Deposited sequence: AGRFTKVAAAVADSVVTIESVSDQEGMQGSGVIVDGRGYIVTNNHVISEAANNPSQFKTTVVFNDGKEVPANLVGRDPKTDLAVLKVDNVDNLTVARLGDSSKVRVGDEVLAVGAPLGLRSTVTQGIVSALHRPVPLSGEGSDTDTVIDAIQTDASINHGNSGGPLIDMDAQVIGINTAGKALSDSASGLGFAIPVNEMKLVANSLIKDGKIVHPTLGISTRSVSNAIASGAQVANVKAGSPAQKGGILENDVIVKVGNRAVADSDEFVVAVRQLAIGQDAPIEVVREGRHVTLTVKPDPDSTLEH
């Protein structure tokens, strides 16, 4: 058999269909089996409309054999476009082999695996085009738009493999497909899934700043469009018109890298912010708040 046929066939039992149906609605996506207890990882937008209307929506998981089993929302993260589901007492579960997104290199051949039984299911072929690429993602329901540090791939990422794993040539998951194709790295997924399984929620850093992208000589980075009153930004000396060029130990090229850089900051730990103010370079100190206070 073929090199790609072998890998895709080896991971098909760990990939599942996720259907969220209602009286006048019927979303569908793909997921992956990450734990033998019934733990399934998908993206937030696949199940966003359902989590927001649990009264009218019902979610199920369709496996490779065809068994449709009820599923329960463990926890979701609109910030990383990630979500966990749980199927109860389902046996003989084929669990995906989780790989290391840190060892992933540009040019690495990959497969974007969709669920074999899904309506418009797709299995795509390509290579890793870019590592650590800040990418904006649209929020499905009432969910907020975010940006993620993704693995970029020339393999087609579409409705048919969205939520499904991004697999290497070793039949290991290195990422979850999103909605010119991108995937949430597995190393970030393992961190978000761990908090979403345990606490049903992930806490992310917040600073209270809105940024617009700027690229003009010295002023190349994220320009402060708005400051929130009482924000760690206001306490830190941050102003409008200001161009953020470094957040922590990470340079900020634009609004996209800013959102990602803020989320790599430690919660409650003082952090360096470097801005270009009215032509002058200025370092400001900010302590990051929890986005969810009663959950920190």
### Task
No C-alpha coordinates anywhere in a stretch? Then put that deposited-sequence range on the list, in order along the chain.
180-189
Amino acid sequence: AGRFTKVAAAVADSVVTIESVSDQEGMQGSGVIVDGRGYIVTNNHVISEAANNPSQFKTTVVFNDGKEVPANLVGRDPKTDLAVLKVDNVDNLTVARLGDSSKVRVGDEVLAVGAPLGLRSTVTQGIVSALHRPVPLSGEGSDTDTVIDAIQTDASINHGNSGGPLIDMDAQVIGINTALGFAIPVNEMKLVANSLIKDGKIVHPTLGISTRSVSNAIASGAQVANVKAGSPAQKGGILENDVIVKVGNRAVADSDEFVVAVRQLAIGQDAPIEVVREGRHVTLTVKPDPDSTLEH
From here on, numbers count along this sequence of modelled residues.
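The term rigid core refers to the most C-alpha atoms you can superpose between the two forms while keeping them within 1.5 Å.
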### Message
Once everything is fitted on the core, do the CA positions of 87-95 or those of 210-218 lie farther from the shown form in 4 other deposited structures of this protein?
### Response
210-218
#### Entry: Of 134-142 and 109-117, the one with larger mean CA B-factor
134-142
### Query
Looking at the deposited entry, does 233-241 or 27-35 carry the larger mean Cα B-factor?
233-241
#### Entry: Third assignment of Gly221 from its chain's C-alpha B-factors
highest
### Message
Can you tell me whether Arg212 has a C-alpha B-factor in the lowest, middle or highest third compared with the other modelled residues of the same chain?
### Response
highest
#### Entry: Chain-relative CA temperature factor third for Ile18
middle
### Third of the chain's Cα B-factor distribution that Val186 belongs to, per the entry
lowest
### Summary
On the chain's distribution of Cα B-factors, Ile197 falls within the third called middle
